[PDB]
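Structure record follows, encoded as structure tokens.
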Amino acid sequence: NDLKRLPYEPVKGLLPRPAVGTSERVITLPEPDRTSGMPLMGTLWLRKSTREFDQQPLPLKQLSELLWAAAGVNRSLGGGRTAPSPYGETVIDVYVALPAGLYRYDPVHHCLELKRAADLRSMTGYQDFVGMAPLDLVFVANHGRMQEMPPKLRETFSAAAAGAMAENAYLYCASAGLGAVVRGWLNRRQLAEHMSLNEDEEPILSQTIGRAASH
Amino acid sequence: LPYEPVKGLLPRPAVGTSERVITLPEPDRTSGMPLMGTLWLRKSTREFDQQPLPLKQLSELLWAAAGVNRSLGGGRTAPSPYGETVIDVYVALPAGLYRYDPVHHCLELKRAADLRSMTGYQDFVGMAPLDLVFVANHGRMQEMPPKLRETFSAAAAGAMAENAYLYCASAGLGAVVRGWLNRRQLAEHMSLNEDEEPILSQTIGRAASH
Ligand SMILES: Cc1cc2nc3c(=O)[nH]c(=O)nc-3n(C[C@H](O)[C@H](O)[C@H](O)COP(=O)(O)O)c2cc1C
Ligand SMILES: Cc1cc2nc3c(=O)[nH]c(=O)nc-3n(C[C@H](O)[C@H](O)[C@H](O)COP(=O)(O)O)c2cc1C
Ligand SMILES: [Mg+2]
């Protein structure tokens, strides 16, 4: 029983796989829906972790709503977001590893901007028995926007903000019949290198998303 | 513009009978505002009306943040590292500080004092009917690597506070998660054990009228 708590085996030597598809510079996303969908109370009942997935990609509508749920602008006045953040600073940027490329989600313009023309799915650097899925979200902390915050609270603020955003994604997945699993076992430096992140950018959590496997 | 620390403010005496265990009505609702609606209305509120939350609303709020959504296995509404509770949720009420027990869906008196707005920082958040306090229990993380305990408890607490924010958006309540905490001072006020530390506090109530 305690054996589940043993630290996971590191995955050594993996390189980014070649991009599959057309690795477009910008992917424009459709406007997210505002009225309809499963009641919040229903989504809380069904909120769970999934580790085996079907490989079918999310339709563009679902990719859009997921990204908006996690990191989107919900108030035009001031660019308020669907999730909180310390001092209103955008401390977390959401990246998306798709088979066609690694993208950064831009909330103000609700689109994806190419960060790397490579498939960086399941590059957490640890064997946590989470299978291959259509996409991974990576919640990256931007230390450049945290310098007016007390240093000893930055990991708590980054992790809490990332947690809230990952929770919005979980709840969206539950509303839309999708599986999700947040993953904190990250070789942060290795993943930061694969993602071509700047020195002040640190991966905090990832989240593997897709339709749950058929059996 | 950066928040300043406030001096030693002592806790207020509890108002009421301070019952030792409060039974909460069983969580059974599956209806209410669509998730997308709650996401659209998710925001922080800092000025509140003082009217207490009815029992049913308090029960639902606690269940959203910390409750059992799967009876067999004790799976929770929020994720947790290794499926083990690393966060204990406390509720600071006028009548006393209570610990929410997810398995029995009830409140157990922790201290007969009013500990609302005991963060130790001046973040301009007004008095509200209650605070939720998310406590990292390091006693339940001794087999987890030290370097991950802060990230995992903070990410678990953030998800729980997020479920709470969303519930508040669905119910027309205001909420604000607060992370600027003098943790040691607040832990002392809460009578927490040495290996338990408040990491986030969340002030909740109806938004102020005038
Ligand atoms: C901060 C945090 C980090 C997590 N890290 C991982 C991880 O690295 N790998 C994994 O498979 N699951 C991870 N999980 C998921 C938990 O294992 C999962 O929440 C737990 O099994 C309970 O299942 P449930 O989400 O269905 O309630 C993490 C959860 C949290 C809150
Ligand atoms: C980790 C974290 C800690 C926070 N701490 C405080 C705090 O101590 N005091 C406060 O007034 N607000 C706090 N907030 C709330 C943010 O200031 C707020 O989310 C931000 O201003 C944007 O407003 P919004 O929540 O309406 O989107 C915190 C938010 C996060 C994510
Ligand atoms: Mg203990």
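Quick note on naming: the chains in the structure tokens go A, B, ... in the order shown, residues restart at 1 in each chain, and ligands are numbered from 1 in order of appearance.
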
In segment 17-205 of chain A, DSSP strand (DSSP E or B) residues written as a VMD selection string:
chain A and resid 17 to 18 26 to 28 39 53 73 to 75 80 to 81 92 to 98 101 to 106 111 to 116 118 to 119 126 to 127 135 to 142 179 to 183 201 to 205

Go ahead and write the selection's residues with N, CA and C atoms as a short mmCIF file (atom, residue, chain, number, x, y, z; two decimals), in the first residue's frame.
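Result went into out_13.cif, see below:
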data_model
loop_
_atom_site.label_atom_id
_atom_site.label_comp_id
_atom_site.auth_asym_id
_atom_site.auth_seq_id
_atom_site.Cartn_x
_atom_site.Cartn_y
_atom_site.Cartn_z
N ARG A 17 9.95 14.10 -30.01
CA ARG A 17 9.63 13.41 -31.25
C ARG A 17 9.35 14.47 -32.34
N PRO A 18 9.52 14.09 -33.61
CA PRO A 18 9.22 15.00 -34.70
C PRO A 18 7.72 15.37 -34.72
N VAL A 26 0.42 30.09 -35.84
CA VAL A 26 -0.69 30.48 -34.99
C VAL A 26 -1.89 29.59 -35.27
N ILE A 27 -2.54 29.07 -34.22
CA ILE A 27 -3.81 28.36 -34.36
C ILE A 27 -4.86 29.28 -33.70
N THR A 28 -5.82 29.77 -34.50
CA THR A 28 -6.91 30.61 -33.99
C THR A 28 -7.97 29.66 -33.45
N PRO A 39 -24.18 21.21 -15.29
CA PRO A 39 -24.14 21.99 -14.04
C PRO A 39 -22.85 21.77 -13.25
N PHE A 53 -5.93 6.70 -22.18
CA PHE A 53 -6.68 7.49 -23.13
C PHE A 53 -6.80 6.90 -24.52
N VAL A 73 -9.69 34.72 -20.59
CA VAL A 73 -10.19 36.02 -20.13
C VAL A 73 -11.70 35.87 -19.96
N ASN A 74 -12.21 36.20 -18.78
CA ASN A 74 -13.67 36.15 -18.50
C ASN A 74 -14.26 37.51 -18.26
N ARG A 75 -13.41 38.54 -18.14
CA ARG A 75 -13.81 39.92 -18.00
C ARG A 75 -12.95 40.79 -18.93
N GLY A 80 -9.46 40.16 -16.66
CA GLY A 80 -9.68 39.20 -15.61
C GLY A 80 -9.77 37.80 -16.22
N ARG A 81 -9.28 36.83 -15.47
CA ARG A 81 -9.20 35.44 -15.93
C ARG A 81 -10.16 34.50 -15.21
N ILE A 92 1.28 32.34 -14.28
CA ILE A 92 1.28 31.08 -15.01
C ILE A 92 0.87 31.28 -16.48
N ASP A 93 1.68 30.73 -17.40
CA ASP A 93 1.40 30.67 -18.82
C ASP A 93 1.11 29.20 -19.10
N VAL A 94 0.09 28.96 -19.91
CA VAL A 94 -0.30 27.62 -20.24
C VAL A 94 0.23 27.29 -21.61
N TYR A 95 0.96 26.19 -21.67
CA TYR A 95 1.51 25.66 -22.90
C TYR A 95 0.74 24.41 -23.21
N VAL A 96 0.67 24.06 -24.49
CA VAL A 96 -0.05 22.87 -24.95
C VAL A 96 0.86 22.05 -25.85
N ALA A 97 1.14 20.79 -25.47
CA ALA A 97 1.93 19.88 -26.32
C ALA A 97 0.94 19.12 -27.17
N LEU A 98 0.91 19.42 -28.48
CA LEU A 98 0.10 18.70 -29.45
C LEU A 98 1.05 17.89 -30.33
N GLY A 101 2.98 20.22 -32.56
CA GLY A 101 3.84 21.23 -31.96
C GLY A 101 3.51 21.62 -30.54
N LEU A 102 4.48 22.27 -29.88
CA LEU A 102 4.30 22.85 -28.54
C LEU A 102 3.85 24.29 -28.77
N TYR A 103 2.73 24.66 -28.18
CA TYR A 103 2.16 26.00 -28.29
C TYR A 103 1.99 26.68 -26.96
N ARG A 104 2.02 28.02 -26.96
CA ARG A 104 1.68 28.82 -25.79
C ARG A 104 0.30 29.43 -26.07
N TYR A 105 -0.60 29.26 -25.10
CA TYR A 105 -1.93 29.84 -25.15
C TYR A 105 -1.85 31.31 -24.77
N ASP A 106 -2.38 32.18 -25.63
CA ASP A 106 -2.45 33.61 -25.42
C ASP A 106 -3.92 33.88 -25.03
N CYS A 111 -5.74 32.41 -28.74
CA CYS A 111 -5.09 31.65 -29.77
C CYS A 111 -3.85 30.97 -29.22
N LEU A 112 -3.31 30.07 -30.03
CA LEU A 112 -2.09 29.30 -29.75
C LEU A 112 -0.93 29.80 -30.65
N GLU A 113 0.21 30.10 -30.05
CA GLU A 113 1.42 30.59 -30.74
C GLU A 113 2.48 29.49 -30.61
N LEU A 114 3.08 29.11 -31.74
CA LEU A 114 4.10 28.04 -31.77
C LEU A 114 5.35 28.43 -30.95
N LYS A 115 5.72 27.55 -30.03
CA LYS A 115 6.91 27.65 -29.17
C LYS A 115 7.98 26.69 -29.71
N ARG A 116 7.57 25.46 -30.07
CA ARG A 116 8.49 24.49 -30.71
C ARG A 116 7.82 23.48 -31.67
N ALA A 118 7.82 20.46 -32.55
CA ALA A 118 8.16 19.12 -32.08
C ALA A 118 7.04 18.61 -31.17
N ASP A 119 6.94 17.28 -31.07
CA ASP A 119 5.94 16.60 -30.21
C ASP A 119 6.56 16.35 -28.84
N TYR A 126 9.49 11.38 -15.73
CA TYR A 126 9.25 10.32 -14.74
C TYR A 126 8.19 9.33 -15.19
N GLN A 127 8.36 8.08 -14.77
CA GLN A 127 7.42 7.02 -15.07
C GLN A 127 6.34 6.92 -13.98
N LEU A 135 -3.19 15.32 -25.98
CA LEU A 135 -2.49 16.55 -25.60
C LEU A 135 -2.05 16.57 -24.13
N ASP A 136 -1.06 17.42 -23.83
CA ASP A 136 -0.65 17.72 -22.46
C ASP A 136 -0.73 19.24 -22.29
N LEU A 137 -1.26 19.71 -21.18
CA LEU A 137 -1.09 21.11 -20.79
C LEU A 137 0.13 21.22 -19.87
N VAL A 138 1.01 22.22 -20.05
CA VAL A 138 2.08 22.53 -19.07
C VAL A 138 1.85 23.93 -18.49
N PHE A 139 1.81 24.01 -17.16
CA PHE A 139 1.58 25.27 -16.43
C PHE A 139 2.96 25.77 -16.04
N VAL A 140 3.41 26.82 -16.70
CA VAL A 140 4.75 27.35 -16.52
C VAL A 140 4.71 28.61 -15.68
N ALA A 141 5.51 28.67 -14.61
CA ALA A 141 5.61 29.87 -13.73
C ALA A 141 6.61 30.82 -14.33
N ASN A 142 6.23 32.09 -14.39
CA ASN A 142 7.08 33.14 -14.88
C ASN A 142 7.65 33.92 -13.70
N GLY A 179 -11.19 12.68 -20.13
CA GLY A 179 -10.33 12.31 -19.01
C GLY A 179 -9.24 13.36 -18.85
N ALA A 180 -8.72 13.47 -17.63
CA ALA A 180 -7.63 14.36 -17.28
C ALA A 180 -6.83 13.80 -16.07
N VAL A 181 -5.54 14.15 -15.98
CA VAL A 181 -4.72 13.83 -14.78
C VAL A 181 -3.64 14.89 -14.66
N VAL A 182 -3.65 15.64 -13.54
CA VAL A 182 -2.62 16.62 -13.24
C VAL A 182 -1.38 15.82 -12.78
N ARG A 183 -0.19 16.27 -13.19
CA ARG A 183 1.08 15.59 -12.88
C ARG A 183 2.08 16.62 -12.41
N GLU A 201 11.51 31.03 -16.61
CA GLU A 201 10.29 30.24 -16.79
C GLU A 201 10.46 28.83 -16.26
N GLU A 202 9.59 28.41 -15.36
CA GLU A 202 9.70 27.11 -14.69
C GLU A 202 8.41 26.29 -14.82
N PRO A 203 8.47 25.08 -15.43
CA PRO A 203 7.29 24.21 -15.44
C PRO A 203 6.95 23.80 -14.01
N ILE A 204 5.68 23.92 -13.62
CA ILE A 204 5.21 23.61 -12.25
C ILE A 204 4.37 22.33 -12.22
N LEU A 205 3.42 22.22 -13.13
CA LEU A 205 2.55 21.06 -13.28
C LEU A 205 2.26 20.83 -14.74
#

Tell me, as a VMD selection string, which residues lie within 8 Å of segment 147-163 of chain A, counting only C-alpha atoms; anything in the same chain fewer than 4 positions away does not count.
(chain A and resid 83 to 86 91 to 92 139 141 143 167 204 to 205) or (chain B and resid 2 150 to 152 154 to 159 179 199)

Selection to disk with N, CA and C atoms, as a PDB file, in the first residue's frame:
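Output (again-v5.pdb):
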ATOM      1  N   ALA A  83      -9.340  31.924 -13.608  1.00  0.00           N
ATOM      2  CA  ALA A  83      -8.653  31.446 -12.392  1.00  0.00           C
ATOM      3  C   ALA A  83      -7.937  32.630 -11.727  1.00  0.00           C
ATOM      4  N   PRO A  84      -7.833  32.602 -10.394  1.00  0.00           N
ATOM      5  CA  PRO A  84      -7.145  33.690  -9.703  1.00  0.00           C
ATOM      6  C   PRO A  84      -5.621  33.663  -9.914  1.00  0.00           C
ATOM      7  N   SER A  85      -4.991  34.758  -9.543  1.00  0.00           N
ATOM      8  CA  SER A  85      -3.521  34.874  -9.584  1.00  0.00           C
ATOM      9  C   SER A  85      -3.062  35.946  -8.605  1.00  0.00           C
ATOM     10  N   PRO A  86      -1.927  35.739  -7.895  1.00  0.00           N
ATOM     11  CA  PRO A  86      -1.431  36.708  -6.903  1.00  0.00           C
ATOM     12  C   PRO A  86      -1.203  38.100  -7.515  1.00  0.00           C
ATOM     13  N   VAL A  91       1.017  34.995 -13.443  1.00  0.00           N
ATOM     14  CA  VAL A  91       2.212  34.249 -13.039  1.00  0.00           C
ATOM     15  C   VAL A  91       2.386  32.927 -13.811  1.00  0.00           C
ATOM     16  N   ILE A  92       1.283  32.341 -14.284  1.00  0.00           N
ATOM     17  CA  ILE A  92       1.278  31.082 -15.012  1.00  0.00           C
ATOM     18  C   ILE A  92       0.868  31.284 -16.481  1.00  0.00           C
ATOM     19  N   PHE A 139       1.811  24.010 -17.156  1.00  0.00           N
ATOM     20  CA  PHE A 139       1.575  25.272 -16.430  1.00  0.00           C
ATOM     21  C   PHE A 139       2.963  25.767 -16.036  1.00  0.00           C
ATOM     22  N   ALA A 141       5.514  28.672 -14.612  1.00  0.00           N
ATOM     23  CA  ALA A 141       5.608  29.871 -13.734  1.00  0.00           C
ATOM     24  C   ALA A 141       6.610  30.823 -14.329  1.00  0.00           C
ATOM     25  N   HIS A 143       8.869  33.567 -13.310  1.00  0.00           N
ATOM     26  CA  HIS A 143       9.548  34.212 -12.182  1.00  0.00           C
ATOM     27  C   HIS A 143       9.823  35.709 -12.368  1.00  0.00           C
ATOM     28  N   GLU A 167      -7.583  22.818 -12.020  1.00  0.00           N
ATOM     29  CA  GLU A 167      -8.900  22.389 -11.512  1.00  0.00           C
ATOM     30  C   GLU A 167     -10.031  22.801 -12.460  1.00  0.00           C
ATOM     31  N   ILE A 204       5.678  23.922 -13.616  1.00  0.00           N
ATOM     32  CA  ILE A 204       5.206  23.610 -12.255  1.00  0.00           C
ATOM     33  C   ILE A 204       4.372  22.327 -12.216  1.00  0.00           C
ATOM     34  N   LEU A 205       3.415  22.218 -13.127  1.00  0.00           N
ATOM     35  CA  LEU A 205       2.547  21.056 -13.277  1.00  0.00           C
ATOM     36  C   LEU A 205       2.263  20.825 -14.739  1.00  0.00           C
TER      37      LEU A 205
ATOM     38  N   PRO B   2       2.685  46.830  -2.676  1.00  0.00           N
ATOM     39  CA  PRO B   2       2.849  45.471  -2.084  1.00  0.00           C
ATOM     40  C   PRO B   2       2.229  45.421  -0.666  1.00  0.00           C
ATOM     41  N   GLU B 150       5.758  21.311  -0.687  1.00  0.00           N
ATOM     42  CA  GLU B 150       5.212  22.664  -0.841  1.00  0.00           C
ATOM     43  C   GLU B 150       4.369  22.772  -2.131  1.00  0.00           C
ATOM     44  N   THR B 151       4.929  22.321  -3.260  1.00  0.00           N
ATOM     45  CA  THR B 151       4.234  22.350  -4.559  1.00  0.00           C
ATOM     46  C   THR B 151       2.927  21.537  -4.513  1.00  0.00           C
ATOM     47  N   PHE B 152       2.996  20.318  -3.972  1.00  0.00           N
ATOM     48  CA  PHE B 152       1.835  19.404  -3.940  1.00  0.00           C
ATOM     49  C   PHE B 152       0.720  19.886  -3.026  1.00  0.00           C
ATOM     50  N   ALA B 154       0.295  23.058  -1.987  1.00  0.00           N
ATOM     51  CA  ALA B 154      -0.189  24.313  -2.593  1.00  0.00           C
ATOM     52  C   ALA B 154      -1.089  24.084  -3.814  1.00  0.00           C
ATOM     53  N   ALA B 155      -0.710  23.146  -4.698  1.00  0.00           N
ATOM     54  CA  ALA B 155      -1.531  22.825  -5.880  1.00  0.00           C
ATOM     55  C   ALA B 155      -2.880  22.176  -5.472  1.00  0.00           C
ATOM     56  N   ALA B 156      -2.851  21.303  -4.447  1.00  0.00           N
ATOM     57  CA  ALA B 156      -4.073  20.685  -3.907  1.00  0.00           C
ATOM     58  C   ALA B 156      -4.967  21.776  -3.290  1.00  0.00           C
ATOM     59  N   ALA B 157      -4.374  22.653  -2.473  1.00  0.00           N
ATOM     60  CA  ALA B 157      -5.138  23.764  -1.850  1.00  0.00           C
ATOM     61  C   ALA B 157      -5.733  24.736  -2.879  1.00  0.00           C
ATOM     62  N   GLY B 158      -4.960  25.067  -3.919  1.00  0.00           N
ATOM     63  CA  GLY B 158      -5.424  25.935  -4.993  1.00  0.00           C
ATOM     64  C   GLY B 158      -6.629  25.342  -5.724  1.00  0.00           C
ATOM     65  N   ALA B 159      -6.579  24.023  -5.993  1.00  0.00           N
ATOM     66  CA  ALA B 159      -7.716  23.320  -6.629  1.00  0.00           C
ATOM     67  C   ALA B 159      -8.976  23.317  -5.753  1.00  0.00           C
ATOM     68  N   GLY B 179      -3.238  34.316   0.283  1.00  0.00           N
ATOM     69  CA  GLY B 179      -1.976  33.599   0.428  1.00  0.00           C
ATOM     70  C   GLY B 179      -0.931  34.332   1.222  1.00  0.00           C
ATOM     71  N   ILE B 199      -1.730  27.460   4.547  1.00  0.00           N
ATOM     72  CA  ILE B 199      -1.055  27.961   3.324  1.00  0.00           C
ATOM     73  C   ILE B 199      -1.918  28.894   2.501  1.00  0.00           C
TER      74      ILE B 199
END

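Near ligand 3, at distances of 10 Å or less and with only C-alpha atoms and all ligand atoms counted, sit the residues residues 137, 138, 139, 140, 141, 192, 193, 194, 195 and 196 of chain B.
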
Chain B residues within 6 Å of chain A, counting only C-alpha atoms: which ones, as JSON, numbers by chain?
{"B": [30, 31, 32, 33, 34, 35, 36, 37, 39, 40, 42, 69, 77, 151, 154, 155, 158, 159, 162]}

Pull N, CA, C and O atoms from the residues just selected and write them as an mmCIF file, in the first residue's frame.
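Now in result-v5.cif:
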data_model
loop_
_atom_site.group_PDB
_atom_site.id
_atom_site.type_symbol
_atom_site.label_atom_id
_atom_site.label_comp_id
_atom_site.auth_asym_id
_atom_site.auth_seq_id
_atom_site.Cartn_x
_atom_site.Cartn_y
_atom_site.Cartn_z
ATOM 1 N N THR B 30 -27.162 17.705 -7.988
ATOM 2 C CA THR B 30 -26.477 17.614 -9.273
ATOM 3 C C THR B 30 -26.883 18.763 -10.228
ATOM 4 O O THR B 30 -26.338 18.842 -11.323
ATOM 5 N N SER B 31 -27.803 19.638 -9.809
ATOM 6 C CA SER B 31 -28.344 20.726 -10.636
ATOM 7 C C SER B 31 -27.708 22.039 -10.234
ATOM 8 O O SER B 31 -27.002 22.111 -9.224
ATOM 9 N N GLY B 32 -27.995 23.079 -11.018
ATOM 10 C CA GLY B 32 -27.460 24.425 -10.780
ATOM 11 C C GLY B 32 -26.814 25.009 -12.015
ATOM 12 O O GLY B 32 -26.890 24.433 -13.091
ATOM 13 N N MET B 33 -26.162 26.150 -11.837
ATOM 14 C CA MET B 33 -25.578 26.904 -12.945
ATOM 15 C C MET B 33 -24.581 26.050 -13.763
ATOM 16 O O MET B 33 -23.749 25.371 -13.171
ATOM 17 N N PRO B 34 -24.666 26.090 -15.103
ATOM 18 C CA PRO B 34 -23.693 25.396 -15.950
ATOM 19 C C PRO B 34 -22.246 25.791 -15.602
ATOM 20 O O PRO B 34 -21.999 26.946 -15.189
ATOM 21 N N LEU B 35 -21.322 24.831 -15.690
ATOM 22 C CA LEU B 35 -19.918 25.110 -15.375
ATOM 23 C C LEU B 35 -19.385 26.340 -16.134
ATOM 24 O O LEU B 35 -18.750 27.188 -15.518
ATOM 25 N N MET B 36 -19.672 26.429 -17.432
ATOM 26 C CA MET B 36 -19.186 27.544 -18.270
ATOM 27 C C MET B 36 -19.670 28.867 -17.690
ATOM 28 O O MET B 36 -18.879 29.800 -17.629
ATOM 29 N N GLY B 37 -20.908 28.906 -17.182
ATOM 30 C CA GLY B 37 -21.467 30.086 -16.505
ATOM 31 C C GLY B 37 -20.667 30.453 -15.263
ATOM 32 O O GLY B 37 -20.338 31.634 -15.069
ATOM 33 N N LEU B 39 -17.515 29.622 -14.671
ATOM 34 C CA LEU B 39 -16.183 30.067 -15.156
ATOM 35 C C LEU B 39 -16.200 31.529 -15.612
ATOM 36 O O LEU B 39 -15.253 32.305 -15.279
ATOM 37 N N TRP B 40 -17.285 31.897 -16.313
ATOM 38 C CA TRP B 40 -17.495 33.280 -16.776
ATOM 39 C C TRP B 40 -17.631 34.263 -15.613
ATOM 40 O O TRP B 40 -17.157 35.387 -15.722
ATOM 41 N N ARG B 42 -16.433 33.686 -12.362
ATOM 42 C CA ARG B 42 -15.395 33.431 -11.374
ATOM 43 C C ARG B 42 -14.592 34.750 -11.198
ATOM 44 O O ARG B 42 -14.115 35.350 -12.172
ATOM 45 N N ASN B 69 -16.755 12.716 -3.326
ATOM 46 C CA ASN B 69 -17.659 12.538 -4.477
ATOM 47 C C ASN B 69 -17.779 11.055 -4.874
ATOM 48 O O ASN B 69 -18.606 10.731 -5.703
ATOM 49 N N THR B 77 -13.625 15.635 -4.427
ATOM 50 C CA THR B 77 -13.983 16.589 -5.460
ATOM 51 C C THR B 77 -12.723 17.244 -6.074
ATOM 52 O O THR B 77 -12.764 17.661 -7.239
ATOM 53 N N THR B 151 4.929 22.321 -3.260
ATOM 54 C CA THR B 151 4.234 22.350 -4.559
ATOM 55 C C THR B 151 2.927 21.537 -4.513
ATOM 56 O O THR B 151 1.886 22.015 -4.932
ATOM 57 N N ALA B 154 0.295 23.058 -1.987
ATOM 58 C CA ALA B 154 -0.189 24.313 -2.593
ATOM 59 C C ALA B 154 -1.089 24.084 -3.814
ATOM 60 O O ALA B 154 -2.150 24.739 -3.924
ATOM 61 N N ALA B 155 -0.710 23.146 -4.698
ATOM 62 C CA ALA B 155 -1.531 22.825 -5.880
ATOM 63 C C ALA B 155 -2.880 22.176 -5.472
ATOM 64 O O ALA B 155 -3.921 22.498 -6.061
ATOM 65 N N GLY B 158 -4.960 25.067 -3.919
ATOM 66 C CA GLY B 158 -5.424 25.935 -4.993
ATOM 67 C C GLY B 158 -6.629 25.342 -5.724
ATOM 68 O O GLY B 158 -7.579 26.062 -6.031
ATOM 69 N N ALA B 159 -6.579 24.023 -5.993
ATOM 70 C CA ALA B 159 -7.716 23.320 -6.629
ATOM 71 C C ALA B 159 -8.976 23.317 -5.753
ATOM 72 O O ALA B 159 -10.088 23.529 -6.225
ATOM 73 N N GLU B 162 -10.399 26.708 -5.663
ATOM 74 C CA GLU B 162 -10.989 26.954 -6.980
ATOM 75 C C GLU B 162 -12.382 26.338 -7.041
ATOM 76 O O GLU B 162 -13.315 27.006 -7.512
#

Enter the distance from atom CA of residue 62 of chain A to atom CA of residue 129 of chain A, in Å, rounded to one decimal.
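One can read the atom CA of residue 62 of chain A to atom CA of residue 129 of chain A distance as 25.2 Å.
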
Within 9 Å of residue 100 of chain A using only C-alpha atoms, minus same-chain residues under 5 positions, as a CSV table (one decimal) with N, CA and C atoms, in the first residue's frame:
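The file below, part.csv, is the result:
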chain,number,residue,atom,x,y,z
A,18,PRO,N,9.5,14.1,-33.6
A,18,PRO,CA,9.2,15.0,-34.7
A,18,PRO,C,7.7,15.4,-34.7
A,19,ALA,N,7.4,16.6,-35.1
A,19,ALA,CA,6.0,17.1,-35.2
A,19,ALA,C,5.3,16.2,-36.3
A,20,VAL,N,4.1,15.9,-36.0
A,20,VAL,CA,3.2,15.2,-36.9
A,20,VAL,C,2.1,16.2,-37.3
A,21,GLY,N,2.1,16.5,-38.6
A,21,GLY,CA,1.1,17.4,-39.1
A,21,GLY,C,1.8,18.7,-39.6
A,22,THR,N,1.0,19.7,-39.8
A,22,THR,CA,1.4,21.0,-40.2
A,22,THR,C,1.6,21.8,-38.9
A,23,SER,N,2.8,22.3,-38.7
A,23,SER,CA,3.2,23.0,-37.5
A,23,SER,C,3.0,24.5,-37.7
A,24,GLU,N,1.8,24.9,-37.7
A,24,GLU,CA,1.4,26.3,-38.0
A,24,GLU,C,1.8,27.3,-36.9
A,117,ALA,N,8.3,23.4,-32.9
A,117,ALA,CA,7.8,22.5,-33.9
A,117,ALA,C,8.3,21.0,-33.6
A,118,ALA,N,7.8,20.5,-32.5
A,118,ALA,CA,8.2,19.1,-32.1
A,118,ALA,C,7.0,18.6,-31.2
A,119,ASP,N,6.9,17.3,-31.1
A,119,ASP,CA,5.9,16.6,-30.2
A,119,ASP,C,6.6,16.4,-28.8

What's around residue 123 of chain A at 9 Å? Count only C-alpha atoms, leave out sequence neighbours fewer than 2 positions away in its own chain, and write the answer as a list in words.
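My list of contacting residues is residues 11, 14, 15, 16, 120, 121, 125, 126, 186, 187, 190, 191 and 194 of chain A.
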